[PDB]
Amino acid sequence: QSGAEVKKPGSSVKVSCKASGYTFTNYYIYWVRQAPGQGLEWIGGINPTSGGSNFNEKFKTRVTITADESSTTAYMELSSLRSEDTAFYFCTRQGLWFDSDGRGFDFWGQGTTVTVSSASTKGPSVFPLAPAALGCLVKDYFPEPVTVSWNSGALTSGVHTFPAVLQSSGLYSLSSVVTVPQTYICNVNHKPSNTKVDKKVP
Amino acid sequence: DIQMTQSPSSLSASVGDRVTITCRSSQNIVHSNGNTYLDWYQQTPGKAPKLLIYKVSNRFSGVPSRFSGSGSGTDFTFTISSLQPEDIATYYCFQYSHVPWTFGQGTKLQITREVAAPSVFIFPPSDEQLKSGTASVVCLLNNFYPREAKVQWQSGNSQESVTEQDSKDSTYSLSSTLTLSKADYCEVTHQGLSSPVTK
């Protein structure tokens, strides 16, 4: 499960990437980011055998990338955070000595959704949408994201979880629904506030 | 430092159509060892990118035969011979011949299909939510096409959200949320409805 942090404009964020002995020996490890709705952007990388790294010119003075051999963890620290650095940061790998293998993006789920904002963290309340279509309203949290599940991932077909929308209050809200013609539970969790709830929908 | 201009940045096509995407590199990306390090990636909503094509023309194992890439020098193509609903995604090229590596800016794919009328439901505010001093009443437009719809409840006090296209129907869903104070504590226009439906 991915991380999620909010950082105030001007500060720095440091993100880590857990990989394996075989990855640190055989692949180049590099950091990518993806702003909300936007494209993939290359930050920089390090050869963990060599210790030599390489950066995108755009991040030349405000990023460092490092790699810890003994714990095989790789790091990126971006300084002077601006609103437009709001992105999902994750690390990624290319073979040093074999072709692209489809395993390049295996650490994506470990990444961190970083929000640069002065607003503070707040857990959401989860309200039921009683019936057809039933669901959950997930209201009043910051930052993004929340994860929604039905019946702990048993239920899947017919589920629609809407993109969040920033409400007039500066807080997020969304709804998650499902159609059926059995008991139905909401699984909502918001890591930045350690909310992890489960609503029964009746 | 090489720039990869990818084109188009977005397009609309139907099931069955050929789709043709190009990435132009600002210089030759052929490496002195004779190979060309250009891959093509597929990012469904909302997941991790997966490899489809690598080194210009190699179809990655398990990838369906309707995907392919070719080109050479500075001029590269990614083709879906015949598009399917599950191909709705953003595609990207990736060059790693020489650092700094770079992605194309992406081609967001959008799929057109037949008009489907939205089946609509309305939901009053929660029991528990009224104790809070606020009422949210929510309207669901479900499984419809195209995305343009009109929902009137009121004005200046509701918000909408729309899902990405369904990887099977290519339909959308939409939410309209009326919020008022408790309390205190839905009519749709859509091309698929010969007549506006109120819930």
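So the protein sequences, as listed, match chains H and L. So the first sequence is residues 6 to 52, 52A, 53 to 82, 82A to 82C, 83 to 100, 100A to 100F, 101 to 126, 136 to 185, 192 to 212, counted in PDB author numbering. So the second sequence is residues 1 to 27, 27A to 27E, 28 to 148, 155 to 186, 194 to 207, counted in PDB author numbering. We put the CB at the ideal spot given by N, CA and C, even for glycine.
Item: Contact list for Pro123 of chain H against chain L, beta-carbon separation under 7 Å; Value: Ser121
Item: Any chain L beta carbon closer than 8 Å to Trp103 of chain H; Value: yes
Item: According to DSSP, residues forming a beta bridge with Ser176 of chain L; Value: L:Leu135, L:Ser162
Item: Selection of the region 78-103 of chain L by Cβ proximity to chain H, strictly under 7 Å; Value: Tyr87, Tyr91, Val94, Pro95, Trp96, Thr97, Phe98, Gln100, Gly101
Item: Any C-beta of chain L under 8 Å from that of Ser7 of chain H; Value: no
Item: Length of the line joining the Cα atoms of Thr97 of chain L and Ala71 of chain H; Value: 21 Å
Item: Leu104 of chain L classed as buried or exposed, judged by whether at least 16 other C-beta atoms fall within 10 angstroms; Value: buried
Item: Contact under 8 Å by Cβ, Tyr33 of chain H with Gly50 of chain H; Value: yes
Item: 8 Å Cβ cutoff met for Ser67 of chain L and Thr31 of chain L; Value: yes
Item: Test item: CB-CB of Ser159 of chain L and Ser182 of chain L under 8 Å; Value: no
Item: Short CB-CB distance (under 8 Å) between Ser162 of chain L and chain H; Value: yes
Item: Residues that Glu195 of chain L bridges to, as DSSP identifies them; Value: L:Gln147, L:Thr206
Item: Interface flag, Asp100 of chain H vs chain L, CB-CB below 8 Å; Value: yes
Item: Spatial neighbours of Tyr186 of chain L in its chain, beta-carbon cut-off 8 Å, leaving aside the 5 residues before and after; Value: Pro119, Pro120, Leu125, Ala130, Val132
Item: Chain L within 8 Å of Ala24 of chain H, Cβ atoms only; Value: no
Item: Cβ of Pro59 of chain L within 8 Å of any chain H Cβ; Value: no
Item: Cβ-based burial, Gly16 of chain L [other Cβ within 10 Å; buried from 16]; Value: exposed
Item: Chain L within 8 Å of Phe166 of chain H, Cβ atoms only; Value: yes
Item: DSSP bridge partner residues for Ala137 of chain H (one or two, in chain order); Value: H:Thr183
Item: Boundaries of the beta strand (DSSP E) in which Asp208 of chain H is found, first to last residue; Value: 205-211
Item: Pick from L:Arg54, L:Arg108, L:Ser76 that is closest to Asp100B of chain H, judged by C-alpha positions; Value: L:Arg54
Item: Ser54 of chain H Cβ short of 7 Å to the ligand FMN heavy atom set; Value: No copy of the ligand FMN appears in this structure; indeed no ligand is present at all.
Item: Residues near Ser12 of chain L in its chain [Cβ-Cβ closer than 6 Å; skip 5 each side]; Value: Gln105, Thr107
Item: N-terminal and C-terminal residue of the beta strand (DSSP E) that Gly96 of chain H is part of; Value: 88-96
Item: Buried versus exposed, by CB contacts within 10 Å (16 or more), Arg94 of chain H; Value: buried
Item: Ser63 of chain L - partner residues in DSSP beta bridges; Value: L:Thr74
Item: C-beta atoms of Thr108 of chain H and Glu148 of chain H nearer than 8 Å; Value: yes
Item: Beta-carbon neighbours of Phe29 of chain H, restricted to chain L and to distances below 8 Å; Value: Going along chain L, no residue has its Cβ under 8 Å from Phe29 of chain H, so there is no contact; the nearest lies around 19 Å.
Item: Bridge-paired residues (DSSP) for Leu33 of chain L; Value: L:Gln90
Item: Closer than 8 Å at the beta carbon, the chain L residues around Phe59 of chain H; Value: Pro95
Item: Inter-residue Cα distance where the pair is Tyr87 of chain L and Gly99 of chain L; Value: 6 Å
Item: Under the three-state DSSP convention, the category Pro123 of chain H falls into; Value: strand
Item: Residue burial classification, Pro44 of chain L (beta-carbon count within 10 angstroms, cutoff 16); Value: buried
Item: C-beta contact flag for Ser203 of chain H and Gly118 of chain H at 8 Å; Value: yes
Item: Segment limits, beta strand (DSSP E) that includes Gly26 of chain H; Value: No beta strand (DSSP E) contains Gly26 of chain H, which is instead part of the alpha helix (DSSP H) from 26-31.
Item: First through last residue of the beta strand (DSSP E) which encompasses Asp72 of chain H; Value: 67-72
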